[PDB]
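Encoded as structure tokens, the structure appears first; notes follow it.
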Amino acid sequence: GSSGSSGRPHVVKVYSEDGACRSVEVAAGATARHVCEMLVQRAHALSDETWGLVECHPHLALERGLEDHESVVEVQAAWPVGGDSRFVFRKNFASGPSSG
């Protein structure tokens, strides 16, 4: 519970199932949705599916999904040091169908 500094941008490295990693220039503010939007597309941007971000733990072999309101940074700052945690972009990853 101690945050008070903002200067350089936050280069979030989001990896895709395929493997290709796509980074995006964001700053303390962009949520897990801002990335989805950017990644998906910027120009025009109709809407496309909801999509989202999924934090992967390349150490504990874990996979946690975050919402849109969720802050990739805030969530990224949560990740421990002893774990090169990262984000993943997927539209299919949960338990139980919903379709909305």
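Lettering and numbering for the structure tokens are positional, with chains as A, B, ... in the shown order, residues counted from 1 in each chain, and ligands counted from 1 in the shown order.
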If you run DSSP over the backbone, which residues in chain A end up alpha helix (DSSP H)? Put them as an MDAnalysis selection string. chainID A and resid 32:40 72:76
Restricting the output to N, CA and C atoms, write the selected residues as a JSON list (two decimals), in the first residue's frame.
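Full text of again-v4.json as output:
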```
[["chain", "number", "residue", "atom", "x", "y", "z"],
["A", 32, "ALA", "N", -6.95, -4.02, -17.89],
["A", 32, "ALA", "CA", -6.77, -5.26, -18.62],
["A", 32, "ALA", "C", -7.62, -5.22, -19.89],
["A", 33, "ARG", "N", -8.53, -4.25, -19.93],
["A", 33, "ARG", "CA", -9.40, -4.09, -21.08],
["A", 33, "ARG", "C", -8.76, -3.17, -22.12],
["A", 34, "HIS", "N", -8.03, -2.18, -21.62],
["A", 34, "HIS", "CA", -7.36, -1.23, -22.49],
["A", 34, "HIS", "C", -6.40, -1.98, -23.41],
["A", 35, "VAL", "N", -5.78, -3.02, -22.86],
["A", 35, "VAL", "CA", -4.84, -3.82, -23.62],
["A", 35, "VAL", "C", -5.60, -4.63, -24.68],
["A", 36, "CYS", "N", -6.69, -5.24, -24.23],
["A", 36, "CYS", "CA", -7.51, -6.04, -25.13],
["A", 36, "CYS", "C", -7.91, -5.18, -26.32],
["A", 37, "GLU", "N", -8.35, -3.97, -26.01],
["A", 37, "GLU", "CA", -8.77, -3.03, -27.04],
["A", 37, "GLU", "C", -7.61, -2.74, -28.00],
["A", 38, "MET", "N", -6.53, -2.25, -27.43],
["A", 38, "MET", "CA", -5.35, -1.93, -28.22],
["A", 38, "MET", "C", -4.93, -3.12, -29.08],
["A", 39, "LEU", "N", -4.62, -4.22, -28.40],
["A", 39, "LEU", "CA", -4.20, -5.42, -29.09],
["A", 39, "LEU", "C", -5.16, -5.71, -30.25],
["A", 40, "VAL", "N", -6.41, -5.98, -29.88],
["A", 40, "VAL", "CA", -7.43, -6.27, -30.87],
["A", 40, "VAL", "C", -7.26, -5.33, -32.07],
["A", 72, "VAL", "N", -4.01, -4.16, -15.31],
["A", 72, "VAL", "CA", -2.89, -5.02, -15.64],
["A", 72, "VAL", "C", -1.69, -4.65, -14.77],
["A", 73, "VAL", "N", -1.51, -3.35, -14.59],
["A", 73, "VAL", "CA", -0.41, -2.85, -13.78],
["A", 73, "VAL", "C", -0.62, -3.28, -12.33],
["A", 74, "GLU", "N", -1.73, -2.82, -11.76],
["A", 74, "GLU", "CA", -2.05, -3.15, -10.38],
["A", 74, "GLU", "C", -1.94, -4.66, -10.16],
["A", 75, "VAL", "N", -2.38, -5.41, -11.15],
["A", 75, "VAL", "CA", -2.34, -6.86, -11.07],
["A", 75, "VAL", "C", -0.91, -7.34, -11.35],
["A", 76, "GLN", "N", -0.22, -6.57, -12.17],
["A", 76, "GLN", "CA", 1.15, -6.90, -12.53],
["A", 76, "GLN", "C", 2.09, -6.61, -11.36]]
```
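Among the residues of chain A, backbone DSSP assigns strand (DSSP E) to residues 10, 11, 12, 13, 14, 15, 16, 21, 22, 23, 24, 25, 26, 53, 54, 55, 56, 57, 62, 63, 64, 65, 66, 86, 87, 88 and 89 of chain A.
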Could you turn the residues from that selection into a file that holds N, CA, C and O atoms, as a tab-separated table (two decimals), in the first residue's frame?
```tsv
chain	number	residue	atom	x	y	z
A	10	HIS	N	4.51	2.22	-19.39
A	10	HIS	CA	4.53	0.82	-19.00
A	10	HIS	C	4.37	-0.07	-20.24
A	10	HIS	O	3.28	-0.15	-20.81
A	11	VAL	N	5.47	-0.71	-20.62
A	11	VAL	CA	5.46	-1.58	-21.78
A	11	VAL	C	5.01	-2.98	-21.35
A	11	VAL	O	5.82	-3.79	-20.91
A	12	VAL	N	3.71	-3.22	-21.51
A	12	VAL	CA	3.14	-4.51	-21.15
A	12	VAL	C	3.37	-5.50	-22.29
A	12	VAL	O	3.03	-5.21	-23.44
A	13	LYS	N	3.93	-6.64	-21.93
A	13	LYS	CA	4.21	-7.68	-22.92
A	13	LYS	C	3.14	-8.77	-22.81
A	13	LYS	O	3.21	-9.62	-21.92
A	14	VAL	N	2.19	-8.71	-23.73
A	14	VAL	CA	1.11	-9.69	-23.75
A	14	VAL	C	1.43	-10.78	-24.78
A	14	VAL	O	1.70	-10.48	-25.94
A	15	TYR	N	1.40	-12.02	-24.31
A	15	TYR	CA	1.68	-13.15	-25.18
A	15	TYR	C	0.39	-13.79	-25.69
A	15	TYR	O	-0.61	-13.85	-24.96
A	16	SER	N	0.44	-14.25	-26.93
A	16	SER	CA	-0.71	-14.88	-27.54
A	16	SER	C	-0.50	-16.39	-27.63
A	16	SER	O	0.64	-16.86	-27.74
A	21	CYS	N	4.43	-12.53	-29.16
A	21	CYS	CA	4.21	-11.61	-28.06
A	21	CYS	C	4.02	-10.21	-28.63
A	21	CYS	O	4.85	-9.74	-29.42
A	22	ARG	N	2.94	-9.57	-28.22
A	22	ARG	CA	2.63	-8.23	-28.68
A	22	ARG	C	2.60	-7.25	-27.51
A	22	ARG	O	1.75	-7.38	-26.62
A	23	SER	N	3.52	-6.30	-27.53
A	23	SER	CA	3.60	-5.31	-26.48
A	23	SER	C	2.79	-4.07	-26.86
A	23	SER	O	2.51	-3.85	-28.04
A	24	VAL	N	2.42	-3.31	-25.84
A	24	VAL	CA	1.64	-2.10	-26.06
A	24	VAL	C	2.12	-1.01	-25.10
A	24	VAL	O	2.36	-1.27	-23.92
A	25	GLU	N	2.25	0.19	-25.64
A	25	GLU	CA	2.70	1.33	-24.85
A	25	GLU	C	1.53	1.91	-24.04
A	25	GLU	O	0.67	2.58	-24.60
A	26	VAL	N	1.55	1.62	-22.75
A	26	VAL	CA	0.50	2.11	-21.87
A	26	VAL	C	1.14	2.81	-20.67
A	26	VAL	O	2.37	2.84	-20.54
A	53	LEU	N	-7.83	-10.45	-20.50
A	53	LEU	CA	-6.44	-10.80	-20.25
A	53	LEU	C	-6.37	-11.95	-19.24
A	53	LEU	O	-7.25	-12.07	-18.38
A	54	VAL	N	-5.33	-12.75	-19.37
A	54	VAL	CA	-5.14	-13.88	-18.48
A	54	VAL	C	-3.67	-13.96	-18.06
A	54	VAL	O	-2.79	-14.19	-18.89
A	55	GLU	N	-3.44	-13.76	-16.77
A	55	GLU	CA	-2.09	-13.80	-16.23
A	55	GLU	C	-1.59	-15.25	-16.16
A	55	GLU	O	-2.28	-16.12	-15.62
A	56	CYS	N	-0.41	-15.46	-16.71
A	56	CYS	CA	0.19	-16.78	-16.72
A	56	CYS	C	1.40	-16.77	-15.79
A	56	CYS	O	2.11	-15.77	-15.71
A	57	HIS	N	1.60	-17.89	-15.11
A	57	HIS	CA	2.71	-18.01	-14.18
A	57	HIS	C	3.70	-19.06	-14.71
A	57	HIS	O	3.54	-20.25	-14.46
A	62	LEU	N	0.49	-21.86	-13.41
A	62	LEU	CA	-0.86	-21.45	-13.05
A	62	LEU	C	-1.40	-20.50	-14.12
A	62	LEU	O	-0.64	-19.93	-14.89
A	63	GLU	N	-2.72	-20.37	-14.13
A	63	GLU	CA	-3.38	-19.50	-15.09
A	63	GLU	C	-4.60	-18.83	-14.45
A	63	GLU	O	-5.60	-19.48	-14.18
A	64	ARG	N	-4.47	-17.52	-14.24
A	64	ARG	CA	-5.55	-16.76	-13.64
A	64	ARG	C	-6.06	-15.71	-14.62
A	64	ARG	O	-5.27	-15.06	-15.32
A	65	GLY	N	-7.38	-15.56	-14.65
A	65	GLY	CA	-8.01	-14.60	-15.54
A	65	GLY	C	-8.50	-13.38	-14.77
A	65	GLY	O	-9.05	-13.51	-13.68
A	66	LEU	N	-8.28	-12.21	-15.36
A	66	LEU	CA	-8.69	-10.97	-14.74
A	66	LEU	C	-9.77	-10.30	-15.60
A	66	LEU	O	-9.85	-10.56	-16.81
A	86	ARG	N	3.34	-13.17	-16.49
A	86	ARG	CA	3.04	-12.48	-17.74
A	86	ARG	C	1.54	-12.55	-18.03
A	86	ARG	O	0.80	-13.25	-17.34
A	87	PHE	N	1.13	-11.81	-19.06
A	87	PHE	CA	-0.27	-11.78	-19.45
A	87	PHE	C	-0.49	-12.55	-20.75
A	87	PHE	O	0.40	-12.62	-21.59
A	88	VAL	N	-1.69	-13.10	-20.88
A	88	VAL	CA	-2.04	-13.86	-22.06
A	88	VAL	C	-3.39	-13.38	-22.59
A	88	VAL	O	-4.28	-13.04	-21.81
A	89	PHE	N	-3.51	-13.37	-23.91
A	89	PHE	CA	-4.74	-12.94	-24.55
A	89	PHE	C	-5.53	-14.13	-25.07
A	89	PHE	O	-5.07	-14.85	-25.96
```
